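Take a look at the structure set out below.
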Protein chains: 2
Amino acid sequence: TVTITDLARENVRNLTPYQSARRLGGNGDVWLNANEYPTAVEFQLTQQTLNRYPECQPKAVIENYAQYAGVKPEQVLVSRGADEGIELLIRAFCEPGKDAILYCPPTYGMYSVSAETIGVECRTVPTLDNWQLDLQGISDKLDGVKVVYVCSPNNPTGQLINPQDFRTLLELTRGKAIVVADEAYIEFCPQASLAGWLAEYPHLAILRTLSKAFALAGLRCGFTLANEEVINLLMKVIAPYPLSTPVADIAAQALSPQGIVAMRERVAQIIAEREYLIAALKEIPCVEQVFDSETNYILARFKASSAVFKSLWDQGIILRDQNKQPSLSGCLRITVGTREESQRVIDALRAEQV
Amino acid sequence: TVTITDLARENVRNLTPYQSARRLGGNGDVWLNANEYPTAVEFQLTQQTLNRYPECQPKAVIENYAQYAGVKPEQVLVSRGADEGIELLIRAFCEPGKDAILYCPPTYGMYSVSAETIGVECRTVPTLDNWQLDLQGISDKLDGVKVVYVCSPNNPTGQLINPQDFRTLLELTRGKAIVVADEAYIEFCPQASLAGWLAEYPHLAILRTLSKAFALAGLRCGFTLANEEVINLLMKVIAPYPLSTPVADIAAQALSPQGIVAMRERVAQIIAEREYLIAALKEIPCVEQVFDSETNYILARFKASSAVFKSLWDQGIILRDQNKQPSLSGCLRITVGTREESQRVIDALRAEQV
Ligand SMILES: *[C@H](N[C@H](COP(=O)(O)O)Cc1c[nH]cn1)c1c(COP(=O)(O)O)cnc(C)c1O
Ligand SMILES: *[C@H](N[C@H](COP(=O)(O)O)Cc1c[nH]cn1)c1c(COP(=O)(O)O)cnc(C)c1O
């Protein structure tokens with residue numbers, strides 16, 4: 001007898017689905033584990049046309065985002081979060097069982113998840129001690145690689161990749177692979193974006209999202225910025241109707257001029273709050289080292305991190321354990337929320353210090 | 001020099017993206033080409049939690065649908081339309097370059113599109129003259145096939161597949177392949193659903209959608225019904241957050257008891273209207289033959305169909321040309337809308353008759 005499981009693909013049977021879930025409904029009061037904006041921003045529907053299919057790429061959304069990002073509308077693609085953007089790039093440039101992707105741990109886990117699920121080889125070149133790119137290492141492992149993912153600022157470490165090294169990487173991949181800069185957190189450091197580099201690099205793609213700074217993770221709305229050639233190719237592999245009407249509706253509102261002003265105020269808010277938490281964390285006894293951040297989360301190495309993580313978890317303070325990530329032994333990622341939430345963490349951590 | 005296009009996958013460069021688009025904004029007044037419910041049904045948001053990520057599988061949505069469909073919640077998966085359900089099945093059971101899918105033309109075009117885009121072989125066994133399954137033909141082409149798609153009632157022909165033949169097909173695939181019954185239009189003939197067959201067939205999956213009868217195509221919300229084993233396997237290949245909050249929100253409302261009552265009234269409405277259009281169409285001179293339908297669209301063979309199609313198109317009456325589909329030479333698919341819209345088609349067609 002053959003079981004349904006035997007009919008499934010081998011890679012599908014062996015893979016471990018992404019570990020994002022870690023809920024405790026009604027148990028945790030403070031959520032600082034998903035890099036979400038701490039407060040809800042309300043939006044109501046304005047288009048009551050739900051009986052009709054939406055546009056494959058809602059015009060209002062594409063133009064409003066292109067205006068905001070400073071690029072041409074033909075250089076923008078909108079999808080179900082930056083997660084889908086990650087999938088699309090692999091789906092269009094990587095031949096299963098032949099080509100490979102390359103990323104540098106410790107970083108965002110979906111690059112690997114998508115590739116492994118799709119059936120594409122994952123090539124890894126860990127970043128250096130300061131988490132900057134190991135350029136020499138990358139140059140020696142580009143064979144068969146079609147897509148390179150580099151998160152900047154990086155998750156979960158928080159720092160920006162030296163643009164000078166991005167220049168090098170883009171030169172190493174010229175005519176060989178697509179370089180994808182994941183800018184899911186660029187809103188917190190807009191001046192460090194590579195969006196203006198499109199004219200110089202035909203193989204440069206950029207991932208963006210409304211989940212983080214825009215405080216609309218609930219919409220599952222993201223974008224890919226790239227030259228026409230690339231965008232047109234991705235459009236050939238995307239689902240016919242990737243964005244729902246209600247999402248296109250509120251997303252377009254969120255991208256209006258006033259929406260951008262609000263977003264920027266949310267950023268200033270988070271940055272100011274981050275610098276507070278960072279200053280306070282360095283003084284706490286159980287805190288060994290706090291790493292610089294250009295995002296809405298802070299990575300810190302603790303003394304007995306598993307114990308600390310568990311302690312705060314039992315107290316309703318939900319953080320994000322990084323202990324199992326390469327080079328991040330003893331580290332926990334703390335999302336920046338409100339002043340009250342930061343104070344909860346601070347006090348709680350001071351209650352440790354053993 | 002290497003171009004970006006040269007970096008793309010071969011199959012991606014050669015494939016022709018799905019042909020669903022065929023708009024004429026502000027030009028066409030009557031849309032009977034996408035099998036959408038003719039009138040909008042309004043829904044407002046109730047959950048202002050957009051700053052937080054949604055559940056991977058919204059509980060309210062899964063339970064409300066499971067209640068409606070008469071199956072267990074663990075036998076339900078919710079995705080971005082039935083289109084994604086099609087993708088997921090291939091993504092989980094078909095090894096690119098090794099396994100294949102099988103469908104029977106003329107039918108829904110996405111089965112082939114997804115497989116071709118993913119990189120999986122498409123095996124075809126055209127249906128018989130009456131569009132019923134060519135069982136003997138299928139039995140002889142199952143080697144290497146992992147997923148079989150059969151739309152019932154079928155699009156664009158409109159008829160139901162003899163359940164007796166579904167029995168045969170399910171026996172032929174036992175322990176060899178997953179049989180997927182696409183029931184995107186089962187709401188119009190609920191008693192013909194195979195949902196109650198799950199306990200007998202471990203390899204049976206069923207595609208459902210809120211786009212059609214539910215009049216919520218704008219939500220991009222669909223479902224897959226299958227035994228736990230299958231659903232759990234698909235959950236291993238689905239994107240972490242496939243459904244947005246606003247969509248889960250209104251979808252759950254649409255599936256409430258009162259929502260189901262409304263849906264059923266929409267169905268009765270469409271069926272009554274369909275039988276009118278069918279009766280009237282058979283009398284029109286340019287109409288050669290009208291085929292029986294158990295859905296919200298009617299297939300009919302005309303005299304000089306390309307000419308008729310163009311004529312009505314220029315008049316704001318948007319139909320769906322099937323002329324290039326196998327065995328459907330001279331056929332146009334007419335979506336059932338309102339009495340006024342049906343009258344527009346009738347009169348317009350009578351204005352032809354040359
Ligand atoms: C956003 N990821 C979310 C939180 O970060 P982490 O706990 O996984 O390090 C959670 C998530 C979303 N999908 C899977 N996990 C994120 C994205 C995707 O953003 P979208 O909501 O638009 O799909 C892309 N890149 C990065 C670096 C991050 O953090
Ligand atoms: C619904 N398909 C829509 C109209 O039918 P057609 O003109 O393609 O024959 C259009 C569409 C949607 N995606 C691509 N084209 C449909 C589905 C999908 O329904 P969802 O809106 O939930 O993804 C699945 N199966 C069938 C048979 C049909 O018709």
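Order of the sequence lines sets the chain letters (A, B, ...), proteins ahead of strands, with each chain counted from 1. Note that these values count all heavy atoms, side chains included, but never hydrogens, waters or copies made by symmetry.
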Apply the test side chain to side chain contact (heavy atoms under 4.5 Å, CB included) to residues A:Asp134 and A:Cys104: give CA-CA distance (whole Å), side-chain angles for both, the deciding distance (0.1 Å), then the verdict. CA-CA 8 Å; A:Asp134 171 9; A:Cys104 314; over 6 Å; no
Dump the intermediate steps for side chain to side chain contact (heavy atoms under 4.5 Å, CB included) on A:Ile318 and A:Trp313, then the final yes or no. CA-CA 5 Å; A:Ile318 311 304; A:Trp313 177 285; 3.7 Å; yes
Given side chain to side chain contact (heavy atoms under 4.5 Å, CB included), test B:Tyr18 with B:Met110 step by step and report yes or no. CA-CA 7 Å; B:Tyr18 173 68; B:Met110 290 308 294; 3.4 Å; yes
A:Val71 vs A:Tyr65, side chain to side chain contact (heavy atoms under 4.5 Å, CB included): CA-CA, chis, key distance, verdict: CA-CA 9 Å; A:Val71 306; A:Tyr65 197 83; over 6 Å; no
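The CD1 atom of A:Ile270 sits 13.5 Å away from the NZ atom of A:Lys212 when rounded to the nearest 0.5 Å. Here the CD1 atom belonging to A:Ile4 is positioned 12.0 Å from the CG atom belonging to B:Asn232, to the nearest 0.5 angstrom. Note that the CG atom of A:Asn227 and the CG atom of A:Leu204 stand 7.5 Å from one another [nearest 0.5 Å]. How far CD of A:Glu229 is from CG of A:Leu234: 11.0 Å, rounded to the nearest 0.5 Å. Within the model, atoms OG1 of A:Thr209 and CG of A:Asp182 stand 9.0 Å from one another, a figure rounded to the nearest 0.5 Å. To the nearest 0.5 Å, atom CG of residue A:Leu32 and atom CG of residue A:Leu332 are 12.0 Å apart.
Within the 3.5 Å criterion, the main-chain N or O of A:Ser306 finds no donor-acceptor partner in the side chain of A:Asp321. In this structure, A:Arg274 contributes its side chain and A:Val336 its backbone to no donor-acceptor pair below 3.5 Å. No donor-acceptor pair closer than 3.5 Å links the side chain of B:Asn11 to the backbone N or O of B:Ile118. For the pair A:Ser112 (side chain) and A:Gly109 (backbone), a donor-acceptor distance under 3.5 Å is absent. Using modelled atom types, no side-chain atom of A:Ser152 and backbone atom of A:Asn154 make a donor-acceptor pair closer than 3.5 Å. The backbone N or O of A:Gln164 sits nowhere less than 3.5 Å from a side-chain atom of A:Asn162 that would complete a donor-acceptor pair. A donor-acceptor distance shorter than 3.5 angstrom exists from the side chain of A:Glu183 to the backbone of A:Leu194, with no hydrogens or angles considered. Under the 3.5 Å distance criterion, the side-chain polar atoms of A:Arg91 are left unmatched by any main-chain donor or acceptor of B:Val12. Counting only distance, with no hydrogens or angles, the side chain of A:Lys146 and the backbone of A:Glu95 share no donor-acceptor pair below 3.5 Å.
The nearest pair of heavy atoms linking A:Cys56 to A:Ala239 is SG-O, 4.2 Å. The two residues A:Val2 and A:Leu7 come nearest to each other via the heavy atoms CG1-CD2, 4.0 Å. Nearest approach of A:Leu319 to A:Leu312, heavy atoms of both residues: CD1-CD2, 3.8 Å. Residues B:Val78 and B:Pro58 come closest through the heavy atom pair CG1-CD, 4.2 Å. Of all the heavy atoms in A:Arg301 and A:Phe291, the pair that sits closest is NH1-CZ, 3.7 Å. Summarising the geometry of A:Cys122 relative to A:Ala115, their closest heavy-atom pair is SG-CB, 3.7 Å, with the distance given to 0.1 Å.
For A:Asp143 and A:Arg123, the salt-bridge test fails: no basic side-chain N is under 4.0 Å from an acidic carboxylate O. A salt bridge links A:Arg167 with A:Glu200; the closest basic N to acidic carboxylate O contact falls under 4.0 Å. Between B:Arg220 and B:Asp83 there is a salt bridge, since at least one side-chain N of the basic residue sits less than 4.0 Å from a carboxylate O of the acidic one.
Remark: the A:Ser193 side chain and the A:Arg208 side chain contain an N/O donor-acceptor pair separated by less than 3.5 Å. Side-chain contact annotation: A:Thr3 with A:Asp6, donor-acceptor N/O pair under 3.5 Å present. For the residue pair A:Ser311/A:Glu352, the side-chain donor-acceptor check at 3.5 Å is satisfied. In this model, no donor atom of one side chain and acceptor atom of the other lie less than 3.5 Å apart for A:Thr335 and A:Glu36. A donor atom on one side chain and an acceptor atom on the other are not found under 3.5 Å apart for B:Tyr53 and A:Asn35.
Using a 4.5 Å heavy-atom cutoff, the side chains of A:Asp165 and A:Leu169 are not in contact. By the 4.5 Å heavy-atom criterion applied to side chains, A:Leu281 and A:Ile334 are counted as neighbours. Looking only at side-chain heavy atoms (C-beta outward), A:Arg264 and A:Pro190 stay at 4.5 Å or farther from each other. Counting heavy atoms from C-beta on, the side chains of B:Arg80 and B:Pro242 never come closer than 4.5 Å. The shortest side-chain heavy-atom distance between A:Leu88 and A:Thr224 does not fall under the 4.5 Å cut-off. At least one side-chain heavy atom of B:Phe93 sits under 4.5 Å from a side-chain heavy atom of B:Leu233. No side-chain heavy atom of A:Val113 sits under 4.5 Å from any side-chain heavy atom of A:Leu15. In this structure, the side chains of A:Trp131 and A:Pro106 come closer than 4.5 Å at one or more pairs of heavy atoms.
In A:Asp140, the CG atom is crowded: over 12 heavy atoms of neighbouring residues, nucleotides or ligands sit closer than 6.0 Å. Residue-environment remark: NZ (A:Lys141) exceeds the threshold of 12 foreign heavy atoms within 6.0 Å.
Using the six-membered ring where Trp is involved, A:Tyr149 and A:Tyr111 have ring planes that are parallel, under 30° apart on the 30 and 60° scheme. Relative ring orientation between A:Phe166 and A:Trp197 is described as perpendicular, the plane-to-plane angle rising above 60° on a 0-90° scale split at 30° and 60°. In this pair, A:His203 and A:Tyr201 present their aromatic rings perpendicular. The plane angle is above 60°, beyond the 30 to 60° band.
Under a cutoff of 6.0 Å and an axis angle of 45°, A:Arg333 and A:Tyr297 form a cation-pi pair.
Taking the ring centroids of A:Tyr68 and A:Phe214, they lie under the 6.0 Å cut-off.
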